[PDB]
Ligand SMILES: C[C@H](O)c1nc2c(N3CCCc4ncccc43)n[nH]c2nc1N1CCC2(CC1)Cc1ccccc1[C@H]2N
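Below you'll find only one chain, the form deposited without the named molecule, shown as structure tokens.
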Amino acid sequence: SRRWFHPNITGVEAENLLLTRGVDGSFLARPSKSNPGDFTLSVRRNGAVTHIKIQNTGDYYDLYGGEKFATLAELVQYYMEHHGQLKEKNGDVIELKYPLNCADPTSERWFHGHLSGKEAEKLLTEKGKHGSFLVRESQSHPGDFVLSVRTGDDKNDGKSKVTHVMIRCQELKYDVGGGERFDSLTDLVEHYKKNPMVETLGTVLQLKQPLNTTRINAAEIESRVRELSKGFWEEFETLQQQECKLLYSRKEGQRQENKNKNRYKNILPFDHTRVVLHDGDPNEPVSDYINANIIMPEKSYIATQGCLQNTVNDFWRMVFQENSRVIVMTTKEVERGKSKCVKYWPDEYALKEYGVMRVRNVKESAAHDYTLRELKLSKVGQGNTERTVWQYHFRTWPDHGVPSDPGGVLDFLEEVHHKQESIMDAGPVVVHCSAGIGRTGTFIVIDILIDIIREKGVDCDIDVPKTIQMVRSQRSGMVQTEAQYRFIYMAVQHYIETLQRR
């Protein structure tokens, strides 16, 4: 369902699982132990298991002998609807039919593992609300679990309370002492989230939301980073597990008429946040589509792909229409010999027409990590529509992974920030890389987080994974890898330490 990912399995456990508990068409996904960014899709077919490698270096999930995807969930959805579409090197079809579910609860937000009832009561009392709950290992009955839930009023008078429900684990099935025996804690929790338990005297044990364990005071960032450095992996895992909630429709990008406007055919903008282009060529049957989404913190952004030859004109329609005055480009045009973005700006001192739009490149300035290009955009035939668009082109991002130090990125975003804020009623900041989800998401999330610290100073609340999940609900797969997740925390930490130095 949303449990086909096995975070702690090994290759051999995965084979035995598929062979003992699965059938032909059964599959699961799992991480490599050794090489973060590597994943395996394990699949039973013809009474044997095939392992298909998936690689992610920061831009997308690349399935060997398949396509590129924004998220593993989107990959799984695509092949569970397209059979015969995943091919072996033989050229034979590999069918994904029957997800093989994982029982491991460590990636669930509500699971806290080693925690006493006393620390649970303190956290629910401090951080918890009516319906806030967690699951923990039992102290009194080793091997069992306990569900702890706060109920009552959110307005220490005693009309709130915490109730602890024993969960028995008996032959790898879980129960609350009567009724149904569940295959996983996840199934138990989902069941009593639907069909809540009622105490003898009426209190309904509503399981509304897990306890928040990721929010920190920005001033204590150093403690959390030290703490997460011995983990980052589990926190990222918990976040990744939540991507099964985000399979929003992308129908406009899947239209025949829009196919060749996507750099990657399965990395598409969500319908609900896509940038819609108005004023199109009346001849062009579909002229309203670009692979771009509005991103609102919840200053806005447009997250988009690097231009194709045939979408350059669309890109400039978008910039013009949305009144954007700043463009952030986080890729070189070419990396590893592959075009990542076509050159959609004119050479310095030159002027080019891109369909109905004209752009002049007034001046380039080189800095250590970036080039700034001062561009003037206007509509042909209409002189008083000219506005300056500042393209900040970050040029030193490594081909794979992330930079070792966040200083160049932070200086770059500070400059982008001051430029944006200097322009009265500027539209959203446009941000793009290649596919528009990995680097792009990383730069956007860092900018959202630093902006909070900018407004509210060092004694304010930040929550990295909730920020990422919020951005991921507006464009598929924003922030691609654990290295990018760690870099975000590194970037915030550096920003905070520099304020404290003053």
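Each form is matched to the other, and the largest set of C-alpha atoms that superpose within 1.5 Å is called the rigid core. Sequential numbering from 1, following the sequence displayed.
Modelled in this chain, residue 26 is likewise built in all the other compared entries whose models extend past it on both sides, so a third of them omitting it does not occur. For the cut-off of one third of the other compared entries, residue 175 stays well clear, since all of them model it along with its flanks. According to the entry, the stretch of the deposited sequence that connects residue 155 to residue 156 contains 1 to 3 residues lacking coordinates, which leaves a short gap in the model. Unmodelled stretch separating residue 118 from residue 119: none (count of deposited-sequence residues without coordinates). When the mean C-alpha temperature factors of 49 to 57 and 471 to 479 are read from the deposited coordinates, 49 to 57 comes out higher.
Between 486 to 494 and 6 to 14, the higher mean Cα B-factor belongs to 6 to 14.
Of all the options 68, 456, 466, 439, the entry's greatest CA B-factor is assigned to 456. If you compare the C-alpha temperature factors of 372, 94, 342, 277 in the entry, 94 comes out highest. Remark: residue 140 belongs to the highest third of its chain, ranked by C-alpha B-factor as recorded. Residue 328: CA B factor in the lowest third of modelled residues in this chain (values from the PDB entry). Annotation for residue 424: C-alpha temperature factor in the highest third relative to the rest of the modelled chain, per the entry. Ranked by Cα temperature factor within the chain, residue 194 sits in the highest third according to the deposited record. Among all modelled residues in its chain, residue 302 ranks in the lowest third by Cα B-factor.
What comes next is about the form solved in complex with the named molecule, which does not appear here.
When you look in the entry with it bound, the only residue of 294, 239, 197, 308 with a non-hydrogen atom within 4.5 Å of the named molecule is 239. Interface residue among 277, 426, 211, 205, judged by heavy atoms within 4.5 Å of the named molecule in the entry with it bound: 211. Contact with the named molecule in the entry with it bound, defined as any heavy atom within 4.5 Å, is confined among 181 to 189, 110 to 118, 352 to 360, 164 to 172 to 110 to 118. At a distance threshold of 4.5 angstroms between non-hydrogen atoms, residue 234 is in contact with the named molecule in the entry with it bound. The shortest heavy atom separation between residue 465 and the named molecule in the entry with it bound is within 4.5 Å.
The named molecule in the entry with it bound comes within 4.5 Å of no heavy atom belonging to residue 57.
Proximity of residue 106 to the named molecule in the entry with it bound: non-hydrogen atoms within 4.5 Å are present.
With the two forms fitted on their core, the C-alpha shifts between this form and the one not shown stay under 2 Å for all of 222, 119, 347, 353 except 119.
Positional change of residue 35 between this form and the one not shown reaches 2 Å or more at the C-alpha, relative to the superposed core.
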